[PDB]
Amino acid sequence: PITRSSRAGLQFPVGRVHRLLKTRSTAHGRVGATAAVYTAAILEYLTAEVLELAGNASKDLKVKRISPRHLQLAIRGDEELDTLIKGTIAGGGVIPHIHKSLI
Amino acid sequence: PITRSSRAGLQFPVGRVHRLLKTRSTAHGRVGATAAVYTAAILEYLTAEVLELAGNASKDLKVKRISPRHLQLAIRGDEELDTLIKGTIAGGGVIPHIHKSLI
Amino acid sequence: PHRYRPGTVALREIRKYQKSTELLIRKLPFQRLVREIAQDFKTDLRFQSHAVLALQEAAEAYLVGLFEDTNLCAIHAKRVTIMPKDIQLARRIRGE
Amino acid sequence: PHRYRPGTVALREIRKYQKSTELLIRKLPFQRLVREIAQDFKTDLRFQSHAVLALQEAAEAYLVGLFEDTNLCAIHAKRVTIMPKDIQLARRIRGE
Amino acid sequence: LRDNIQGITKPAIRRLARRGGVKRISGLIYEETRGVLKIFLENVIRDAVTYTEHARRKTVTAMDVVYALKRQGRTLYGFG
Amino acid sequence: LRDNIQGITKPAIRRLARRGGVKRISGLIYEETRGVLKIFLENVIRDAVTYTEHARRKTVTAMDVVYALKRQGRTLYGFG
Amino acid sequence: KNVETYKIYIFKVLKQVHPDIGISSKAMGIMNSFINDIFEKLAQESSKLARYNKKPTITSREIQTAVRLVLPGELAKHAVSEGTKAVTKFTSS
Amino acid sequence: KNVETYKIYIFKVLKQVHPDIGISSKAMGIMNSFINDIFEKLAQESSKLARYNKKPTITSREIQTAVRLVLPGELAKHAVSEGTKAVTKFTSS
DNA sequence: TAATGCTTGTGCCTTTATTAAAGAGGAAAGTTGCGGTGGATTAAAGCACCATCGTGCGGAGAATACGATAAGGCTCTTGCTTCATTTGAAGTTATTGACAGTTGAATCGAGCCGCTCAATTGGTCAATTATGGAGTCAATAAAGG
DNA sequence: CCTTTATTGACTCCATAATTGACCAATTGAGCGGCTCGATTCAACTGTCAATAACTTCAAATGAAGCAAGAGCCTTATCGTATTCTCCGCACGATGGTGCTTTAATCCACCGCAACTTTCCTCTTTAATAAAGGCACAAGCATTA
């Protein structure tokens, strides 16, 4: 048996995503396999982007583990991820910034 | 044959709303009849409220017809409908208001 | 000859344009501008007339609302003249 | 004796609290306030601890964002002190 | 088509400001407004053209504009 | 429970203003902030209690709070 | 291909409320769009509620909860009153 | 009852990008929530697209259009490239 | 205050175009029965939420001296408003012609359902390493000189 | 710039807690086939969108002149800020008690599916009356004195 993920060269599960799409479909719709492959590929891409930025931010501070603070810094430092992710991160804090006229 | 609308004492259609709800359900859902009755009653209530306010606004201006201007006036003059309806009305204009410091 | 002090005819125009409901921008320049903008996304597009009309209504409503916000921002700073900084402040607070 | 000019310790606190990530309001008063507010919607309710924690985090984030907007509004009017009118203007432009 | 943004004349901007209750206007307001309008139109037209391309068509329809406006939380009534 | 809104002391409000980059604060700010916080809490708690009542329960769950926050466009991560 | 709208029922309600006032075509289209928007919101909220509690059937309880979540205050209370009255009349008929 | 999460696959991706960096439990939960949110948005947009054009089935075309509608600019371009590459590899395998 | 220009609200003719009324037909809602899945009911057991005490210490409340900021007033000039003259481009009307949208069949391709196998993923346990506390030293900045 | 004093980053060590690796089970994804519907291709009608001229006239451009509003500077007094002393209630640590949530089995009840009948809701045609354009016009405001 060969998994669909190894067939498409992915790390994320294709069968699980296909099952979730089928569960969430409306009024006896249908879902193809290429849809699941596409969705898994995009999820993997977004995860890799966020994790790469977070790991670089972590290495900037000379630590070996990622915490919510590093995720907050990585997301708020990137414009595309800032637009995409509008949510609140628990324990993330804010980006240090002070206005010029207050100094 | 007795229609469901006359059985429930409504003007809006119950069968049409039930069919639409059944169409919009997701992944082997089910819809009862009381749901359709409830939805039709609420739609009728909202329509009656908006039409009553619009007709009063129309009579304030000594006309015998309702236009988008009257709908805009009625909706923006009522806080509940102002919160509920945030859309833009084509041909409605604005509510006449001027600031005290500009006069 | 007869002359009016500044701000009187402005108030008359404010009262006159707040009572009407017609469109305020000409149609042909707007259609040309929309076509030029859409040229950058796909080549040789065709437009339906009601599409251009809907775009014009939405744009005019957006601009009127933004000008109301700008007027509030200008009054807050003890002025009657609106400046680009007020537009920038309103757009920043709105999240744009 | 040794004293500091006004605004120096304020800047130190600004730099200190922008670097940490902990909660700033005490937990027991917030829990009591939440229970009192919920008393008006249903009688004899029970609360899970994580629910109160989530409410506190959301409220603190909301207040910090509102204070950033208020600071912008105060700077626009050539001031360094924030006033209730700035909060009112920010909440009006936000659509609240 | 080139340099069509200048077709939005200053009198039209003045009328739009009048409808909003504005009494006095500066000189750079017109350029600022032209830029803002261009950004807004770019967003809406991009979404509408995507909707048109999905349906394998070549003409932009008013319903594509309606959907594109609704996507950004700018629902419009009277054309749907 | 009565008069618990005053349990949000002014040092806590000062710390919250410090985190937001504020340098000077007036005197009525504390009352204004208390009112604003009360309104926000009322909205969120009303939605959460409705969610709890639908499920035929008597205890408020963190997931009800998460859903109530997501309803008003205030999505929160770390508790779901 | 015929198109389905609510114009007949809007006319019936208007003649119930104001016997001697008419309506134009643009206003009728606007009201049709508004009704469609409200129906969208209600159906969406009901589906989400059914998903959260792991029950596949939409009942008047889900509709009532969705109405309480969507409409504000006095509107919600009066709408709940009308819906309950209609359901009682339907069952008792 | 077993609960489904993406922790294993997030760990695999992290070990791909940074072989010598770990992750805590809170950060992993946050990432799980973020992935769930993105999946929700994509599925919602695909369903709406299928409804508009009267096509019952969801294909990679609907997913591509939904991705173009949801993600901004360069993110959308790169994501489309990766998705197309994955689909081509899947079909050719 | 006051007249007097001037612009707007009110009354009337027009005429017209836009909403109310009627008709055919076709699309959908009501009726009845049948089966099978989903909602409501009851009991148990365990976990979770509330109430009690102790305590002791770090944060909160009140007074104090005071320096710096918001507010008010005056000058002033440069930029934005009002008005005329001339022109140029938008708006209206009628006309061609081709392109693209829509509809109707035919057909091949693909997704769903169904049972078995076995590999994959979730939960539990011990640990070792990265992280927080505490103390100390040196580098940096601030208040007065 | 210099000196003194308070503050914070960098270094070291110690404890510890929390992330990683290993092992059991229990869950669902892959496989193969049969079948039926849905996306794709092709042809024909035909609706409408883009391009053309001809003409008018009303709004847009430009300039002159004028006036008042934003901006800068100076003064004041009051009000938030930094510091010290006292106390007070919050957070940490155990301990009961109970009530509310979840799970499992059962019963019933109600909703979807399928075919037939009928009646009601939706495009097409006519009109008649309410509303915008034009004319006339009284009256209430704006302006210089």
# chains A, B, ... in the order shown; residues from 1 in each chain; ligands from 1

$ interface_residues --of "chain F" --to "chain A" --cutoff "10 Å" --atoms "only C-alpha atoms" --output "ChimeraX atom specification"
/F:19-24,70,73-79

$ write_last_selection --atoms "N, CA, C and O atoms" --output "mmCIF file, in the first residue's frame"
data_model
loop_
_atom_site.group_PDB
_atom_site.id
_atom_site.type_symbol
_atom_site.label_atom_id
_atom_site.label_comp_id
_atom_site.auth_asym_id
_atom_site.auth_seq_id
_atom_site.Cartn_x
_atom_site.Cartn_y
_atom_site.Cartn_z
ATOM 1 N N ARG F 19 1.630 49.491 28.380
ATOM 2 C CA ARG F 19 1.875 48.492 27.344
ATOM 3 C C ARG F 19 1.524 49.023 25.958
ATOM 4 O O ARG F 19 2.121 48.601 24.962
ATOM 5 N N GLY F 20 0.589 49.966 25.875
ATOM 6 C CA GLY F 20 0.180 50.570 24.625
ATOM 7 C C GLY F 20 0.964 51.790 24.190
ATOM 8 O O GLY F 20 0.593 52.419 23.193
ATOM 9 N N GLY F 21 2.032 52.149 24.897
ATOM 10 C CA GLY F 21 2.870 53.261 24.497
ATOM 11 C C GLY F 21 2.416 54.629 24.950
ATOM 12 O O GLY F 21 2.819 55.627 24.341
ATOM 13 N N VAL F 22 1.598 54.716 25.994
ATOM 14 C CA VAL F 22 1.059 55.985 26.470
ATOM 15 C C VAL F 22 2.000 56.571 27.512
ATOM 16 O O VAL F 22 2.536 55.853 28.361
ATOM 17 N N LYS F 23 2.208 57.885 27.448
ATOM 18 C CA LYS F 23 3.144 58.591 28.314
ATOM 19 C C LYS F 23 2.478 59.386 29.428
ATOM 20 O O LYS F 23 3.003 59.430 30.541
ATOM 21 N N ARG F 24 1.343 60.029 29.157
ATOM 22 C CA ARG F 24 0.616 60.796 30.158
ATOM 23 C C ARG F 24 -0.858 60.420 30.127
ATOM 24 O O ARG F 24 -1.401 60.071 29.075
ATOM 25 N N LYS F 70 -15.298 34.725 18.428
ATOM 26 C CA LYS F 70 -15.196 34.618 16.976
ATOM 27 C C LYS F 70 -16.400 35.236 16.279
ATOM 28 O O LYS F 70 -16.284 35.691 15.135
ATOM 29 N N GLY F 73 -15.803 38.903 15.345
ATOM 30 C CA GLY F 73 -14.535 39.172 14.701
ATOM 31 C C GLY F 73 -13.388 39.451 15.645
ATOM 32 O O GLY F 73 -12.604 40.372 15.399
ATOM 33 N N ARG F 74 -13.271 38.685 16.727
ATOM 34 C CA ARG F 74 -12.198 38.827 17.709
ATOM 35 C C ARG F 74 -11.570 37.471 17.999
ATOM 36 O O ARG F 74 -11.416 37.063 19.152
ATOM 37 N N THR F 75 -11.202 36.754 16.937
ATOM 38 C CA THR F 75 -10.692 35.394 17.064
ATOM 39 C C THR F 75 -9.485 35.339 17.991
ATOM 40 O O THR F 75 -8.595 36.192 17.935
ATOM 41 N N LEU F 76 -9.465 34.325 18.853
ATOM 42 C CA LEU F 76 -8.421 34.138 19.849
ATOM 43 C C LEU F 76 -7.779 32.770 19.668
ATOM 44 O O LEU F 76 -8.473 31.775 19.438
ATOM 45 N N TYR F 77 -6.454 32.725 19.771
ATOM 46 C CA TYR F 77 -5.691 31.492 19.652
ATOM 47 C C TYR F 77 -5.055 31.145 20.991
ATOM 48 O O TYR F 77 -4.613 32.031 21.726
ATOM 49 N N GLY F 78 -5.008 29.851 21.300
ATOM 50 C CA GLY F 78 -4.380 29.368 22.513
ATOM 51 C C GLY F 78 -5.321 28.760 23.528
ATOM 52 O O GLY F 78 -4.854 28.296 24.574
ATOM 53 N N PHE F 79 -6.627 28.743 23.264
ATOM 54 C CA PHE F 79 -7.592 28.134 24.167
ATOM 55 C C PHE F 79 -8.525 27.152 23.475
ATOM 56 O O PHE F 79 -9.341 26.519 24.153
#

$ residues_around --residues "stretch 32-46 of chain E" --least-positions-apart "3" --cutoff "9 Å" --atoms "only C-alpha atoms (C1' of nucleotides)" --output "ChimeraX atom specification"
/C:34,37-38,41,55,59,62-63,84,87 /E:5-6,8,13,28-29,49-51,65,68-69,72

$ calpha_fit_and_write --fixed "chain H" --moving "chain G" --output "PDB file with C-alpha atoms, in the first residue's frame"
ATOM      1  CA  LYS G   1     -12.735   9.362  22.517  1.00  0.00           C
ATOM      2  CA  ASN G   2      -9.509  10.225  20.703  1.00  0.00           C
ATOM      3  CA  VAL G   3      -8.881  13.761  19.425  1.00  0.00           C
ATOM      4  CA  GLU G   4      -7.504  14.525  15.961  1.00  0.00           C
ATOM      5  CA  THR G   5      -4.773  17.147  15.480  1.00  0.00           C
ATOM      6  CA  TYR G   6      -1.906  18.100  13.148  1.00  0.00           C
ATOM      7  CA  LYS G   7       0.978  17.980  15.640  1.00  0.00           C
ATOM      8  CA  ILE G   8       2.820  15.074  13.987  1.00  0.00           C
ATOM      9  CA  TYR G   9       2.861  16.746  10.573  1.00  0.00           C
ATOM     10  CA  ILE G  10       3.794  20.141  12.019  1.00  0.00           C
ATOM     11  CA  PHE G  11       6.727  18.413  13.732  1.00  0.00           C
ATOM     12  CA  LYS G  12       7.738  16.774  10.441  1.00  0.00           C
ATOM     13  CA  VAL G  13       7.666  20.116   8.615  1.00  0.00           C
ATOM     14  CA  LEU G  14       9.639  21.814  11.398  1.00  0.00           C
ATOM     15  CA  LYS G  15      12.328  19.119  11.332  1.00  0.00           C
ATOM     16  CA  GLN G  16      12.480  19.605   7.565  1.00  0.00           C
ATOM     17  CA  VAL G  17      12.970  23.368   7.908  1.00  0.00           C
ATOM     18  CA  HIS G  18      15.039  23.743  11.107  1.00  0.00           C
ATOM     19  CA  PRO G  19      16.686  20.424  12.077  1.00  0.00           C
ATOM     20  CA  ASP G  20      17.930  21.684  15.463  1.00  0.00           C
ATOM     21  CA  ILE G  21      15.040  23.791  16.835  1.00  0.00           C
ATOM     22  CA  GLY G  22      12.246  22.488  19.049  1.00  0.00           C
ATOM     23  CA  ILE G  23       8.767  23.751  19.856  1.00  0.00           C
ATOM     24  CA  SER G  24       6.659  24.092  22.995  1.00  0.00           C
ATOM     25  CA  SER G  25       3.124  22.823  23.557  1.00  0.00           C
ATOM     26  CA  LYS G  26       1.430  26.243  23.534  1.00  0.00           C
ATOM     27  CA  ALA G  27       3.002  27.155  20.188  1.00  0.00           C
ATOM     28  CA  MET G  28       1.932  23.788  18.769  1.00  0.00           C
ATOM     29  CA  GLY G  29      -1.658  24.392  19.865  1.00  0.00           C
ATOM     30  CA  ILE G  30      -1.613  27.869  18.326  1.00  0.00           C
ATOM     31  CA  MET G  31      -0.353  26.472  15.011  1.00  0.00           C
ATOM     32  CA  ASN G  32      -3.045  23.778  15.077  1.00  0.00           C
ATOM     33  CA  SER G  33      -5.733  26.438  15.544  1.00  0.00           C
ATOM     34  CA  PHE G  34      -4.280  28.556  12.719  1.00  0.00           C
ATOM     35  CA  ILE G  35      -4.289  25.597  10.310  1.00  0.00           C
ATOM     36  CA  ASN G  36      -7.897  24.814  11.239  1.00  0.00           C
ATOM     37  CA  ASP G  37      -8.892  28.431  10.549  1.00  0.00           C
ATOM     38  CA  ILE G  38      -7.268  28.401   7.098  1.00  0.00           C
ATOM     39  CA  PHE G  39      -8.955  25.112   6.195  1.00  0.00           C
ATOM     40  CA  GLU G  40     -12.301  26.590   7.272  1.00  0.00           C
ATOM     41  CA  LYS G  41     -11.855  29.610   5.029  1.00  0.00           C
ATOM     42  CA  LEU G  42     -10.822  27.553   1.996  1.00  0.00           C
ATOM     43  CA  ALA G  43     -13.702  25.076   2.312  1.00  0.00           C
ATOM     44  CA  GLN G  44     -16.212  27.900   2.784  1.00  0.00           C
ATOM     45  CA  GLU G  45     -15.047  29.756  -0.324  1.00  0.00           C
ATOM     46  CA  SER G  46     -15.034  26.571  -2.414  1.00  0.00           C
ATOM     47  CA  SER G  47     -18.613  25.761  -1.387  1.00  0.00           C
ATOM     48  CA  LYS G  48     -19.762  29.281  -2.274  1.00  0.00           C
ATOM     49  CA  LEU G  49     -18.030  29.062  -5.664  1.00  0.00           C
ATOM     50  CA  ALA G  50     -19.702  25.733  -6.420  1.00  0.00           C
ATOM     51  CA  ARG G  51     -23.059  27.267  -5.497  1.00  0.00           C
ATOM     52  CA  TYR G  52     -22.640  30.335  -7.727  1.00  0.00           C
ATOM     53  CA  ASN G  53     -21.789  28.448 -10.937  1.00  0.00           C
ATOM     54  CA  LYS G  54     -24.353  25.644 -10.408  1.00  0.00           C
ATOM     55  CA  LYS G  55     -21.817  22.793 -10.337  1.00  0.00           C
ATOM     56  CA  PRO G  56     -22.065  20.272  -7.460  1.00  0.00           C
ATOM     57  CA  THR G  57     -18.504  18.885  -7.690  1.00  0.00           C
ATOM     58  CA  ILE G  58     -15.467  20.397  -5.962  1.00  0.00           C
ATOM     59  CA  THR G  59     -12.411  20.215  -8.232  1.00  0.00           C
ATOM     60  CA  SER G  60      -8.869  21.600  -8.071  1.00  0.00           C
ATOM     61  CA  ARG G  61     -10.115  24.516 -10.195  1.00  0.00           C
ATOM     62  CA  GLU G  62     -12.430  25.604  -7.372  1.00  0.00           C
ATOM     63  CA  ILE G  63      -9.579  25.233  -4.873  1.00  0.00           C
ATOM     64  CA  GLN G  64      -7.278  27.345  -7.050  1.00  0.00           C
ATOM     65  CA  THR G  65      -9.887  30.089  -7.442  1.00  0.00           C
ATOM     66  CA  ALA G  66     -10.599  30.056  -3.697  1.00  0.00           C
ATOM     67  CA  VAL G  67      -6.873  30.333  -2.962  1.00  0.00           C
ATOM     68  CA  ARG G  68      -6.567  33.284  -5.344  1.00  0.00           C
ATOM     69  CA  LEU G  69      -9.541  34.916  -3.596  1.00  0.00           C
ATOM     70  CA  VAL G  70      -8.328  34.284  -0.028  1.00  0.00           C
ATOM     71  CA  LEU G  71      -4.558  34.675   0.057  1.00  0.00           C
ATOM     72  CA  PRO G  72      -2.846  37.955  -0.909  1.00  0.00           C
ATOM     73  CA  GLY G  73      -0.402  38.498  -3.758  1.00  0.00           C
ATOM     74  CA  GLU G  74       2.936  36.706  -3.610  1.00  0.00           C
ATOM     75  CA  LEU G  75       1.569  34.224  -1.074  1.00  0.00           C
ATOM     76  CA  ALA G  76      -1.192  33.301  -3.522  1.00  0.00           C
ATOM     77  CA  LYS G  77       1.210  32.987  -6.463  1.00  0.00           C
ATOM     78  CA  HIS G  78       3.680  30.746  -4.625  1.00  0.00           C
ATOM     79  CA  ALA G  79       0.858  28.647  -3.149  1.00  0.00           C
ATOM     80  CA  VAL G  80      -0.588  28.153  -6.639  1.00  0.00           C
ATOM     81  CA  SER G  81       2.852  27.070  -7.859  1.00  0.00           C
ATOM     82  CA  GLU G  82       3.191  24.480  -5.078  1.00  0.00           C
ATOM     83  CA  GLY G  83      -0.340  23.169  -5.600  1.00  0.00           C
ATOM     84  CA  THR G  84       0.114  22.773  -9.352  1.00  0.00           C
ATOM     85  CA  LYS G  85       3.450  21.013  -8.830  1.00  0.00           C
ATOM     86  CA  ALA G  86       1.880  18.610  -6.327  1.00  0.00           C
ATOM     87  CA  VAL G  87      -1.049  17.838  -8.645  1.00  0.00           C
ATOM     88  CA  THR G  88       1.277  17.183 -11.592  1.00  0.00           C
ATOM     89  CA  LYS G  89       3.465  14.890  -9.477  1.00  0.00           C
ATOM     90  CA  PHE G  90       0.405  13.018  -8.191  1.00  0.00           C
ATOM     91  CA  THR G  91      -1.020  12.476 -11.679  1.00  0.00           C
ATOM     92  CA  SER G  92       2.343  11.472 -13.182  1.00  0.00           C
ATOM     93  CA  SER G  93       2.964   8.969 -10.356  1.00  0.00           C
TER      94      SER G  93
END

$ residues_around --residues "residue E:25" --least-positions-apart "2" --cutoff "7 Å" --atoms "only C-alpha atoms (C1' of nucleotides)" --output "list in words"
residues 81 and 82 of chain C; 23 and 27 of chain E

$ residues_around --residues "residue C:48" --least-positions-apart "3" --cutoff "10 Å" --atoms "only C-alpha atoms (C1' of nucleotides)" --output "PyMOL selection string"
(chain C and resi 51-53) or (chain E and resi 59-62) or (chain J and resi 48-49)

$ closest_atom_pairs --of "chain D" --to "chain J" --cutoff "10 Å" --atoms "only C-alpha atoms (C1' of nucleotides)" --output "tab-separated table"
residue	atom	partner	partner_atom	distance
D:2	CA	J:5	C1'	8.2
D:3	CA	J:82	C1'	7.2
D:4	CA	J:82	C1'	6.9
D:5	CA	J:82	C1'	7.9
D:6	CA	J:81	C1'	5.6
D:7	CA	J:81	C1'	7.8
D:8	CA	J:82	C1'	9.8
D:9	CA	J:82	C1'	8.2
D:10	CA	J:81	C1'	9.0
D:12	CA	J:7	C1'	9.8
D:26	CA	J:90	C1'	8.7
D:27	CA	J:90	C1'	9.2
D:28	CA	J:90	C1'	7.8
D:29	CA	J:90	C1'	9.7
D:81	CA	J:80	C1'	9.7

$ select_by_dssp --residues "chain E" --states "strand (DSSP E)" --output "PyMOL selection string"
chain E and resi 24-25+59-60+76-77

$ interface_residues --of "chain D" --to "chain A" --cutoff "7 Å" --atoms "only C-alpha atoms" --output "PyMOL selection string"
chain D and resi 18-22+57

$ write_last_selection --atoms "C-alpha atoms" --output "CSV table (one decimal), in the first residue's frame"
chain,number,residue,atom,x,y,z
D,18,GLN,CA,6.3,46.3,26.1
D,19,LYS,CA,8.9,43.5,26.6
D,20,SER,CA,7.0,41.2,28.9
D,21,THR,CA,4.0,39.0,28.0
D,22,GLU,CA,2.2,38.5,31.3
D,57,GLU,CA,-6.8,37.7,27.7

$ interface_residues --of "chain J" --to "chain B" --cutoff "12 Å" --atoms "only C-alpha atoms (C1' of nucleotides)" --output "number ranges by chain"
J: 110-112, 117-121, 129-131

$ write_last_selection --atoms "C-alpha atoms (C1' of nucleotides)" --output "mmCIF file, in the first residue's frame"
data_model
loop_
_atom_site.group_PDB
_atom_site.id
_atom_site.type_symbol
_atom_site.label_atom_id
_atom_site.label_comp_id
_atom_site.auth_asym_id
_atom_site.auth_seq_id
_atom_site.Cartn_x
_atom_site.Cartn_y
_atom_site.Cartn_z
ATOM 1 C "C1'" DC J 110 -41.068 11.844 12.755
ATOM 2 C "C1'" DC J 111 -38.895 12.931 8.393
ATOM 3 C "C1'" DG J 112 -37.366 11.725 3.693
ATOM 4 C "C1'" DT J 117 -53.434 16.021 -8.733
ATOM 5 C "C1'" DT J 118 -54.488 20.724 -8.888
ATOM 6 C "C1'" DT J 119 -53.876 25.445 -8.297
ATOM 7 C "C1'" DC J 120 -51.130 29.258 -7.780
ATOM 8 C "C1'" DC J 121 -47.250 32.052 -9.120
ATOM 9 C "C1'" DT J 129 -52.728 58.445 -12.541
ATOM 10 C "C1'" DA J 130 -48.933 60.177 -9.620
ATOM 11 C "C1'" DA J 131 -44.747 62.628 -10.182
#

$ residues_around --residues "residue J:56" --least-positions-apart "2" --cutoff "12 Å" --atoms "only C-alpha atoms (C1' of nucleotides)" --output "ChimeraX atom specification"
/I:89-92 /J:54,58

$ closest_residue --among "I:135, I:122, I:79, I:144" --to "chain E" --atoms "only C-alpha atoms (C1' of nucleotides)"
I:79

$ interface_residues --of "chain J" --to "chain H" --cutoff "9 Å" --atoms "only C-alpha atoms (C1' of nucleotides)" --output "NGL selection string"
:J and (18-19 or 38)

$ interface_residues --of "chain A" --to "chain H" --cutoff "8 Å" --atoms "only C-alpha atoms" --output "NGL selection string"
:A and (4 or 7-12 or 21 or 24-26 or 29-32 or 34-35 or 37-39 or 41-45 or 47-48 or 51-52 or 55 or 64-68 or 71 or 80 or 83-84 or 89)
